[PDB]
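Just one chain is shown here, as structure tokens, and it is the form deposited in one PDB entry.
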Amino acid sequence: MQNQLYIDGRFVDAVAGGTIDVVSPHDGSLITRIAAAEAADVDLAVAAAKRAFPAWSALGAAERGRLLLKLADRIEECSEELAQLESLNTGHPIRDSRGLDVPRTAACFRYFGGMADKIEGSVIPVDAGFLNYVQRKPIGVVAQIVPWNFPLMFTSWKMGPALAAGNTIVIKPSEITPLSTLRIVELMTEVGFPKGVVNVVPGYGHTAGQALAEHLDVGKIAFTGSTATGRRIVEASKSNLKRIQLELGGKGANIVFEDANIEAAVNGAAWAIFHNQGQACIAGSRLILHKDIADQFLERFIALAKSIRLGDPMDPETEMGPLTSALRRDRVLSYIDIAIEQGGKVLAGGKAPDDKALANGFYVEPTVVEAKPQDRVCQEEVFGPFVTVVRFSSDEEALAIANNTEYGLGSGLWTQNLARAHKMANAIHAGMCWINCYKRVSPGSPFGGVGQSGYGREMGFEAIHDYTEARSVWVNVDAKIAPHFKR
């Protein structure tokens, strides 16, 4: 199974033969060893992307579209192999690989295939005698560093828009979850993407990541990741002042009010925090329940949590799976420990499961911690199936809590009050806000953060705006121009 760098249309090892173990979260066993790209490997990748940019950006929006469409179809056709591949590598329940990751990946690529030739410039109302027309051109060679929570689906998200616009791409998945991205670029050539238009360069953040965020021929750096590394992606941009897209995490408020449909809210909250083992920046990791329904909500929710079938990602019966790296587990258990010493009161989970089939894997039980908005764990992104419950009394207390964070990515609330719904959505500082639903994403719906959760948008024309440049051309047609210096 593809485990090499993919540069200029070929799978190749790292120039220096570096390697990285790719392990399966189930058991911690080795899946394969992947070629680890380093600074040298990305020069090769970037030069290939640079080499390829002209025939590609000059390719005809529609033929970049037709290829992206072709890719979506191919992904679907290969949907069980990817799913399998992505679950095995990620820990995603394959019921999640099949029904979420793969379709969402295809859907996104299909969206941007039909976007490619809908990317339009404008013609400006300027002075008489002049024609001002502004193209939207590709930036050029764009770099993209993706995290490991949605390796497969985030290829769409990142690569969808960039390719549609005609940029060439050097993309760096995490050493953690590479495999499924690598297969995707092979699907890409399978379907006719020209060599070098996309190059995949898995490697450590400090080697491949850094070469990319600082490479002088990269015009944009797209980065989804930890705030900390994102400041570092920002400092690295200094190099040539490439444009930046950062998505840097969320601490998703999930508010439930007095008149919420609590069966629906419960289901939504469960999905919102436990889907993908909570490894989603838009996860509803902060339950915020109105004191007058808290107990009723919590009766069904904790039940729900406690009943989730944690286990082998390859079982079409598994509802949850392991975290993706052993490090993150620890991290998610330290957070648990710290939610506990902070006076937190575990209602479910709290620690790694007990089953013997799960003892090698990076599993953590669907935890649920009652706390105070103040607690750490209520302020920092625990990237795991870990929600905090806090309770409120006034719309205003809820807004306060929701907005009591440095994050701004996702949000959600549950009511039936027309006013309240909009008054809160309008007032929450997040880039998105779902009401009576959660973690709802569409390829046309701008997805991104606000404040310290980042800037830039994936999805929709916005994503395309982020991957193009305005190139205004003036034509002096019948213009009367007195010399500035009269004769």
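Start at 1 with the first residue shown and count on from there.
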Between the two ranges 321-329 and 167-175, the one averaging a larger CA B factor in the entry: 321-329
Average Cα temperature factor in the PDB entry - higher stretch of 191-199, 258-266: 258-266
Out of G284, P385, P313, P125, highest CA B-factor residue: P313
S79, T181, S307, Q144, ranked by C-alpha B-factor: the highest one: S307
Third of the chain, ranked by Cα B-factor, where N149 sits: lowest
Record-listed C-alpha B factor of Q374: chain third: highest
Position of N426 among the chain's modelled residues by C-alpha B-factor, lowest, middle or highest third: highest
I31 CA temperature factor, ranked by third within the chain: highest
For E380, the third of its chain into which the C-alpha B factor falls: highest
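In what follows, reference is made to the form deposited with a small molecule bound, a form of this protein that is not presented.
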Candidate from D96, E381, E365, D312 lying within 4.5 Å of the small molecule in the deposited bound form - any heavy atom: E381
Residue (of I262, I233, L182, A339) lying close to the small molecule in the deposited bound form, criterion heavy atoms within 4.5 Å: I233
is_contact(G113, the small molecule) in the deposited bound form, heavy atom dist at most 4.5 Å: no
Close approach of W148 to the small molecule in the deposited bound form, 4.5 Å, heavy atom: yes
Non-hydrogen atom contact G209 with the small molecule in the deposited bound form at 4.5 angstroms: yes
Exercise: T405 in contact with the small molecule in the deposited bound form, heavy atom 4.5 Å: no
Stretch from 218-226, 115-123, 253-261, 413-421 whose residues place a heavy atom within 4.5 Å of the small molecule in the deposited bound form: 218-226
Site test, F274, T318 and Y438 vs the small molecule in the deposited bound form, non-hydrogen atom cutoff 4.5 Å: no
